[PDB]
Amino acid sequence: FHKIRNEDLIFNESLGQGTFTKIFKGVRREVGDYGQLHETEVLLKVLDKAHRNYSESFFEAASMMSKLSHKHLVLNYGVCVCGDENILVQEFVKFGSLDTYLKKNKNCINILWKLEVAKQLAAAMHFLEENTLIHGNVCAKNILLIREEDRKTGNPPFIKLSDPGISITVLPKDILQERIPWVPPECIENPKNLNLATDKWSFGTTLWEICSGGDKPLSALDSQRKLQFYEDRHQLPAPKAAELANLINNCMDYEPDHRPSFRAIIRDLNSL
Ligand SMILES: NC(=O)Nc1sc(-c2ccccc2)cc1C(N)=O
């Protein structure tokens with residue numbers, strides 16, 4: 001990672017929290033192309049000092065997103081490790097994360113919007129699958145809306161996939177259980193089972209989010225009941241707008257080897 005000096009970063013408003021992290025809008029002072037000075041809006045992701053022992057996994061998550069370059073993958077600008085800080089500096093996305101956007105805009109998001117976003121997410125995941133690169137935490141909170149839909153210009157929405165955060169392979173078991181049904185059953189059984197098939201299951205859960213207007217699947221179940229949901233081999237209920245429910249369930253296959261390739265997922269989406 002490129003090293004960014006603390007003196008070149010300004011922290012502004014809080015944008016929320018992730019697992020052992022706090023996120024802020026900020027400004028980065030930098031020399032850009034042609035030697036021009038810029039004050040660039042950035043996303044500042046800060047690892048909690050209490051959890052500094054996760055720094056390796058924290059940065060490895062972002063390293064994963066920068067191994068490859070792709071129009072649907074969030075840009076990392078660098079890191080700031082001055083003083084006692086562990087900070088990831090990323091591109092700032094004006095419209096924020098997709099979970100919040102879905103909850104706030106539930107009434108004006110139709111089937112075609114959901115289908116377009118699903119196709120773009122599947123394109124990003126196909127690129128990762130072709131590169132045999134595991135993401136490990138696909139969810140609407142890790143999808144960023146770059147551009148809103150604009151029917152006046154026919155322009156679709158445009159999304160990017162953000163980094164997965166600290167890996168489920170090192171997180172405490174209680175956090176993994178609270179992350180059911182994004183974390184697949186085989187990873188509840190053994191977090192070292194993390195594999196490309198993991199991301200197919202979590203993609204299914206994320207499509208359910210996209211189709212459910214901000215709702216979180218199984219939110220009414222406490223951790224013990226989420227575990228039993230997997231033990232009883234249940235599937236999620238179909239979203240009220242159920243156009244993608246069969247795809248969701250085919251992706252959330254309890255047999256990892258039976259989950260469809262992202263090429264097949266894309267073909268299915270294109271058939272609708
Ligand atoms: N890369 C990036 O910008 N990530 C962003 S921006 C954002 C946001 C923006 C405006 C109002 C409220 C929240 C949230 C998050 C996130 N969860 O990552």
# chains A, B, ... in the order shown; residues from 1 in each chain; ligands from 1
>>> residues_around(residues="residue 235 in chain A", least_positions_apart="4", cutoff="9 Å", atoms="only C-alpha atoms", output="list in words")
residues 229, 230, 249, 252 and 253 of chain A
>>> residues_around(residues="range 186-194 of chain A", least_positions_apart="3", cutoff="9 Å", atoms="only C-alpha atoms", output="ChimeraX atom specification")
/A:134,136,168-171,173,176-177,180,183,197-199,227,254-256
>>> write_last_selection(atoms="N, CA and C atoms", output="PDB file, in the first residue's frame")
ATOM      1  N   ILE A 134     -11.168 -15.039  -3.293  1.00  0.00           N
ATOM      2  CA  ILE A 134     -12.286 -15.060  -2.352  1.00  0.00           C
ATOM      3  C   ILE A 134     -12.498 -13.668  -1.787  1.00  0.00           C
ATOM      4  N   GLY A 136     -15.349 -13.103   0.735  1.00  0.00           N
ATOM      5  CA  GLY A 136     -15.557 -13.576   2.078  1.00  0.00           C
ATOM      6  C   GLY A 136     -16.592 -12.817   2.875  1.00  0.00           C
ATOM      7  N   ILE A 168     -13.686 -13.592   8.336  1.00  0.00           N
ATOM      8  CA  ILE A 168     -14.381 -14.523   9.222  1.00  0.00           C
ATOM      9  C   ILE A 168     -13.465 -15.636   9.715  1.00  0.00           C
ATOM     10  N   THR A 169     -12.299 -15.846   9.089  1.00  0.00           N
ATOM     11  CA  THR A 169     -11.391 -16.866   9.589  1.00  0.00           C
ATOM     12  C   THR A 169     -10.706 -16.473  10.887  1.00  0.00           C
ATOM     13  N   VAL A 170     -10.739 -15.198  11.279  1.00  0.00           N
ATOM     14  CA  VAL A 170     -10.127 -14.798  12.539  1.00  0.00           C
ATOM     15  C   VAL A 170     -11.112 -14.186  13.515  1.00  0.00           C
ATOM     16  N   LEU A 171     -12.366 -13.989  13.126  1.00  0.00           N
ATOM     17  CA  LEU A 171     -13.296 -13.311  14.020  1.00  0.00           C
ATOM     18  C   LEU A 171     -13.827 -14.249  15.106  1.00  0.00           C
ATOM     19  N   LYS A 173     -16.365 -16.387  17.375  1.00  0.00           N
ATOM     20  CA  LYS A 173     -17.501 -17.210  16.951  1.00  0.00           C
ATOM     21  C   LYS A 173     -18.838 -16.488  17.113  1.00  0.00           C
ATOM     22  N   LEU A 176     -19.549 -14.395  14.065  1.00  0.00           N
ATOM     23  CA  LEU A 176     -19.945 -15.211  12.924  1.00  0.00           C
ATOM     24  C   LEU A 176     -21.392 -15.668  13.056  1.00  0.00           C
ATOM     25  N   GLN A 177     -21.800 -16.071  14.260  1.00  0.00           N
ATOM     26  CA  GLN A 177     -23.179 -16.505  14.429  1.00  0.00           C
ATOM     27  C   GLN A 177     -24.152 -15.361  14.192  1.00  0.00           C
ATOM     28  N   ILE A 180     -25.057 -14.974  10.527  1.00  0.00           N
ATOM     29  CA  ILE A 180     -25.991 -15.837   9.796  1.00  0.00           C
ATOM     30  C   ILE A 180     -27.163 -14.970   9.351  1.00  0.00           C
ATOM     31  N   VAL A 183     -22.971 -15.603   6.502  1.00  0.00           N
ATOM     32  CA  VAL A 183     -21.933 -16.619   6.632  1.00  0.00           C
ATOM     33  C   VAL A 183     -22.554 -17.973   6.322  1.00  0.00           C
ATOM     34  N   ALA A 197     -16.968 -21.055  -2.985  1.00  0.00           N
ATOM     35  CA  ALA A 197     -18.395 -21.346  -2.817  1.00  0.00           C
ATOM     36  C   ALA A 197     -19.045 -20.522  -1.706  1.00  0.00           C
ATOM     37  N   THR A 198     -18.243 -20.056  -0.726  1.00  0.00           N
ATOM     38  CA  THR A 198     -18.763 -19.153   0.291  1.00  0.00           C
ATOM     39  C   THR A 198     -19.457 -17.969  -0.342  1.00  0.00           C
ATOM     40  N   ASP A 199     -18.798 -17.375  -1.339  1.00  0.00           N
ATOM     41  CA  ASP A 199     -19.306 -16.139  -1.899  1.00  0.00           C
ATOM     42  C   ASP A 199     -20.573 -16.363  -2.698  1.00  0.00           C
ATOM     43  N   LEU A 227     -28.487 -20.362  14.534  1.00  0.00           N
ATOM     44  CA  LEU A 227     -27.803 -21.649  14.437  1.00  0.00           C
ATOM     45  C   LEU A 227     -28.790 -22.763  14.140  1.00  0.00           C
ATOM     46  N   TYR A 254     -27.291 -25.703   0.602  1.00  0.00           N
ATOM     47  CA  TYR A 254     -26.514 -26.240   1.718  1.00  0.00           C
ATOM     48  C   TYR A 254     -25.343 -27.109   1.258  1.00  0.00           C
ATOM     49  N   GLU A 255     -25.362 -27.603   0.018  1.00  0.00           N
ATOM     50  CA  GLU A 255     -24.220 -28.318  -0.535  1.00  0.00           C
ATOM     51  C   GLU A 255     -23.339 -27.334  -1.295  1.00  0.00           C
ATOM     52  N   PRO A 256     -22.165 -26.981  -0.783  1.00  0.00           N
ATOM     53  CA  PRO A 256     -21.364 -25.944  -1.455  1.00  0.00           C
ATOM     54  C   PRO A 256     -21.045 -26.289  -2.893  1.00  0.00           C
TER      55      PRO A 256
END
>>> residues_around(residues="residue 268 in chain A", least_positions_apart="3", cutoff="10 Å", atoms="only C-alpha atoms", output="ChimeraX atom specification")
/A:119,244,247,262-265,271-272
>>> residues_near_ligand(ligand="ligand 1", cutoff="12 Å", atoms="only C-alpha atoms and all ligand atoms", output="CSV table (one decimal) with N, CA and C atoms, in the first residue's frame")
chain,number,residue,atom,x,y,z
A,12,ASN,N,-13.5,14.2,9.0
A,12,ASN,CA,-14.8,14.9,9.2
A,12,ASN,C,-15.9,13.9,9.7
A,13,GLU,N,-17.1,13.9,9.1
A,13,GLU,CA,-18.2,13.3,9.9
A,13,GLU,C,-18.1,11.8,9.9
A,14,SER,N,-18.6,11.2,11.0
A,14,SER,CA,-18.8,9.8,11.1
A,14,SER,C,-19.8,9.3,10.1
A,15,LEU,N,-19.5,8.2,9.4
A,15,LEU,CA,-20.4,7.6,8.5
A,15,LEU,C,-20.9,6.2,9.0
A,16,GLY,N,-20.5,5.8,10.2
A,16,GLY,CA,-20.9,4.5,10.7
A,16,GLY,C,-19.8,3.7,11.3
A,17,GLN,N,-20.1,2.4,11.5
A,17,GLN,CA,-19.1,1.5,12.1
A,17,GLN,C,-19.2,0.2,11.4
A,18,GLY,N,-18.1,-0.5,11.3
A,18,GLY,CA,-18.1,-1.9,10.9
A,18,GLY,C,-17.5,-2.8,12.1
A,19,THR,N,-17.1,-4.0,11.8
A,19,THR,CA,-16.7,-4.9,12.8
A,19,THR,C,-15.3,-4.4,13.3
A,21,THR,N,-14.3,-1.5,13.6
A,21,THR,CA,-13.9,-0.3,12.8
A,21,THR,C,-14.9,0.8,13.0
A,22,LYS,N,-14.4,2.0,12.7
A,22,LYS,CA,-15.2,3.2,12.6
A,22,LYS,C,-14.9,3.9,11.2
A,23,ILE,N,-15.9,4.4,10.6
A,23,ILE,CA,-15.7,5.0,9.2
A,23,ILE,C,-16.1,6.5,9.3
A,24,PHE,N,-15.3,7.3,8.5
A,24,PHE,CA,-15.4,8.7,8.5
A,24,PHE,C,-15.3,9.2,7.1
A,25,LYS,N,-16.0,10.3,6.7
A,25,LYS,CA,-15.7,11.1,5.6
A,25,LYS,C,-14.5,11.9,5.9
A,26,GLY,N,-13.6,12.1,5.0
A,26,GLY,CA,-12.4,12.9,5.2
A,26,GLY,C,-11.9,13.6,3.9
A,27,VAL,N,-10.8,14.4,4.1
A,27,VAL,CA,-10.2,15.0,2.9
A,27,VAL,C,-8.7,14.7,2.9
A,41,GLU,N,-12.0,14.3,-1.6
A,41,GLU,CA,-12.8,13.6,-0.6
A,41,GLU,C,-12.5,12.1,-0.6
A,42,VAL,N,-12.4,11.6,0.7
A,42,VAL,CA,-12.0,10.2,0.9
A,42,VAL,C,-12.8,9.5,1.9
A,43,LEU,N,-12.9,8.2,1.9
A,43,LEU,CA,-13.4,7.4,3.0
A,43,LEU,C,-12.3,7.0,3.9
A,44,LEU,N,-12.3,7.2,5.2
A,44,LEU,CA,-11.3,6.9,6.2
A,44,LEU,C,-11.9,5.8,7.1
A,45,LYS,N,-11.3,4.6,7.0
A,45,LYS,CA,-11.7,3.4,7.8
A,45,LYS,C,-10.7,3.2,8.9
A,46,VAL,N,-11.1,3.3,10.1
A,46,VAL,CA,-10.1,3.3,11.2
A,46,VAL,C,-10.4,2.0,12.1
A,62,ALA,N,-8.2,-5.2,2.7
A,62,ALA,CA,-8.1,-4.2,1.6
A,62,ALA,C,-7.1,-4.7,0.6
A,73,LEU,N,-15.0,-2.7,-8.5
A,73,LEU,CA,-14.3,-2.9,-7.2
A,73,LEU,C,-13.8,-1.5,-6.7
A,74,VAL,N,-14.1,-1.3,-5.4
A,74,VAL,CA,-13.7,0.0,-4.7
A,74,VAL,C,-12.2,0.2,-4.8
A,75,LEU,N,-11.9,1.5,-5.1
A,75,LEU,CA,-10.5,1.9,-5.1
A,75,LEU,C,-9.9,2.2,-3.7
A,76,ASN,N,-8.8,1.5,-3.4
A,76,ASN,CA,-8.0,1.9,-2.2
A,76,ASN,C,-6.9,2.9,-2.6
A,77,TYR,N,-6.8,4.0,-1.9
A,77,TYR,CA,-5.8,5.0,-2.2
A,77,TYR,C,-4.5,4.7,-1.4
A,88,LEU,N,-7.3,2.9,6.7
A,88,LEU,CA,-7.4,2.6,5.3
A,88,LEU,C,-8.1,3.8,4.6
A,89,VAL,N,-7.5,4.3,3.5
A,89,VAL,CA,-7.9,5.4,2.8
A,89,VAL,C,-8.5,4.9,1.5
A,90,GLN,N,-9.8,5.1,1.3
A,90,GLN,CA,-10.5,4.6,0.1
A,90,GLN,C,-11.3,5.7,-0.6
A,91,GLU,N,-11.7,5.4,-1.9
A,91,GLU,CA,-12.5,6.4,-2.6
A,91,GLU,C,-13.8,6.7,-1.8
A,92,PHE,N,-14.3,7.9,-1.9
A,92,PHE,CA,-15.5,8.3,-1.3
A,92,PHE,C,-16.7,8.2,-2.3
A,93,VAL,N,-17.7,7.5,-1.8
A,93,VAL,CA,-18.9,7.2,-2.7
A,93,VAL,C,-20.0,8.0,-2.2
A,94,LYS,N,-20.6,8.9,-3.0
A,94,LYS,CA,-21.5,9.9,-2.5
A,94,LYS,C,-22.8,9.3,-2.0
A,95,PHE,N,-23.3,8.3,-2.6
A,95,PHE,CA,-24.6,7.8,-2.1
A,95,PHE,C,-24.5,6.6,-1.1
A,96,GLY,N,-23.3,6.3,-0.6
A,96,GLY,CA,-23.2,5.4,0.5
A,96,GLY,C,-23.5,4.0,0.2
A,97,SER,N,-23.7,3.2,1.3
A,97,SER,CA,-23.8,1.8,1.2
A,97,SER,C,-25.2,1.4,0.8
A,98,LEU,N,-25.3,0.2,0.2
A,98,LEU,CA,-26.5,-0.2,-0.4
A,98,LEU,C,-27.6,-0.6,0.6
A,99,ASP,N,-27.2,-1.1,1.8
A,99,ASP,CA,-28.2,-1.5,2.8
A,99,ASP,C,-29.0,-0.2,3.2
A,100,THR,N,-28.3,0.9,3.5
A,100,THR,CA,-29.0,2.1,3.8
A,100,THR,C,-29.8,2.7,2.7
A,101,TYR,N,-29.2,2.6,1.5
A,101,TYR,CA,-30.0,3.2,0.3
A,101,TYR,C,-31.3,2.4,0.1
A,104,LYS,N,-33.9,3.4,2.8
A,104,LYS,CA,-34.4,4.8,2.6
A,104,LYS,C,-35.2,5.0,1.3
A,139,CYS,N,-22.3,-8.7,1.1
A,139,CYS,CA,-23.5,-8.2,1.8
A,139,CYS,C,-23.8,-6.8,1.3
A,140,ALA,N,-25.1,-6.4,1.5
A,140,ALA,CA,-25.5,-5.1,1.0
A,140,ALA,C,-24.7,-3.9,1.7
A,141,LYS,N,-24.3,-4.1,2.9
A,141,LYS,CA,-23.4,-3.1,3.6
A,141,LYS,C,-22.1,-2.9,2.9
A,142,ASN,N,-21.6,-3.9,2.2
A,142,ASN,CA,-20.4,-3.8,1.4
A,142,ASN,C,-20.6,-3.5,0.0
A,143,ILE,N,-21.7,-3.0,-0.4
A,143,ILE,CA,-22.0,-2.6,-1.8
A,143,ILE,C,-22.2,-1.1,-1.7
A,144,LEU,N,-21.5,-0.3,-2.6
A,144,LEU,CA,-21.6,1.1,-2.6
A,144,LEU,C,-22.2,1.6,-3.9
A,145,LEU,N,-23.1,2.6,-3.8
A,145,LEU,CA,-23.8,3.2,-4.9
A,145,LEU,C,-23.1,4.4,-5.4
A,146,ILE,N,-22.4,4.2,-6.5
A,146,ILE,CA,-21.6,5.3,-7.2
A,146,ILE,C,-22.5,6.3,-7.8
A,159,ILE,N,-22.9,0.4,-9.2
A,159,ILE,CA,-22.4,-0.1,-7.9
A,159,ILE,C,-21.0,-0.5,-8.0
A,160,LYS,N,-20.3,-0.5,-6.8
A,160,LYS,CA,-19.1,-1.2,-6.6
A,160,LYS,C,-19.1,-2.0,-5.3
A,161,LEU,N,-18.3,-3.1,-5.3
A,161,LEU,CA,-18.1,-4.0,-4.2
A,161,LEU,C,-17.0,-3.4,-3.3
A,162,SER,N,-17.2,-3.3,-2.0
A,162,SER,CA,-16.2,-2.8,-1.1
A,162,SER,C,-15.4,-3.9,-0.5
A,163,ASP,N,-14.4,-3.7,0.3
A,163,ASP,CA,-13.6,-4.7,0.9
A,163,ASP,C,-14.4,-5.5,2.0
A,164,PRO,N,-14.0,-6.7,2.3
A,164,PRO,CA,-14.8,-7.6,3.2
A,164,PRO,C,-14.6,-7.3,4.6
A,165,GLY,N,-13.6,-6.4,5.0
A,165,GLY,CA,-13.3,-6.3,6.4
A,165,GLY,C,-12.5,-7.5,7.0
>>> closest_residue(among="A:166, A:214, A:234, A:53", to="residue 185 in chain A", atoms="only C-alpha atoms")
A:234
